[PDB]
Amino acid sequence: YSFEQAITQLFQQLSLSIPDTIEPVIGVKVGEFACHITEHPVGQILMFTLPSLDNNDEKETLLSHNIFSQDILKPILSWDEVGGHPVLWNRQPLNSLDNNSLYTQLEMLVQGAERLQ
């Protein structure tokens, strides 16, 4: 899989019109979350979105979302200091993708975003 083939297959599974040109950074809207997919670093498919965090949540509660599990697609909660925004993301190797990998990754990312609400 190349980035272009992975994206094209994803869009087709999502019943989305295929872009005449597949840009290096793709944007998909699932419900209220605008997700972004890109290859960074080379050989890795990165997906991310800007969720809405809860004040009530303390550092411990926010950090609890980042504990590892058996699912490597579980998203990581982070913060973009420079832009002053929280960033939720997940990532997996392009060289081990199968037909359903990117769809699963996107699903896990959004489910992660929704939980934070």
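Start at 1 with the first residue shown and count on from there.
*Asks:* Do the C-alpha atoms of 70-78 or of 52-60 have the higher average B factor in the entry?
*Replies:* Comparing 52-60 with 70-78, the higher mean C-alpha B-factor belongs to 52-60.
*Asks:* Between 32-40 and 86-94, point out the one with the higher average CA B-factor as the PDB entry records it.
*Replies:* If you average the C-alpha B-factors of 32-40 and of 86-94, the larger mean comes out for 32-40.
*Asks:* Based on the deposited C-alpha B factors for this chain, I'd like to know if residue 10 is in the lowest, middle or highest third.
*Replies:* Middle third - that is where residue 10 ends up once the chain's C-alpha B-factors are sorted.
*Asks:* Which third, lowest, middle or highest, does the CA B-factor of residue 99 fall in along this chain?
*Replies:* Middle third of the chain for residue 99's C-alpha B-factor.
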